[PDB]
């Protein structure tokens, strides 16, 4: 799974263990090995949400599966709870987009996931 977190919170306010916690949250929620999770953090970013500059996190999550409607409720709940705790964000300032990719459309280790299976 590949995650991008963009936030207007300053990078020094995003704790150094945030990525590791998010890795662990999504490994459990998505049933995926920690070894195949990437987290990108773009903090101190220029973001407007709902017309204001209040702290916000805009998150994108890509995965091969584990993205049924029901799964995505669980992910939303878990990711949001982490952001509440670690980023001091209200739930209405955590936006997540979910992309379910075919293994034919993910490259890793020099070939697609589909070709390595």
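Positions refer to the first chain, counted from 1.
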41-49 versus 28-36 - greater average Cα B-factor per the deposited record: 28-36
Between 90-98 and 7-15, which has the larger average Cα B-factor in the PDB entry? 7-15
Using the B-factor values recorded in the entry, state whether the Cα atom of residue 76 falls in the lowest, middle or highest third among the modelled residues of its chain. lowest
Of the three thirds of its chain by CA temperature factor, lowest, middle or highest, which one includes residue 65? highest
Once the chain's modelled residues are ordered by C-alpha B factor and cut into thirds, is residue 111 in the lowest, middle or highest one? middle
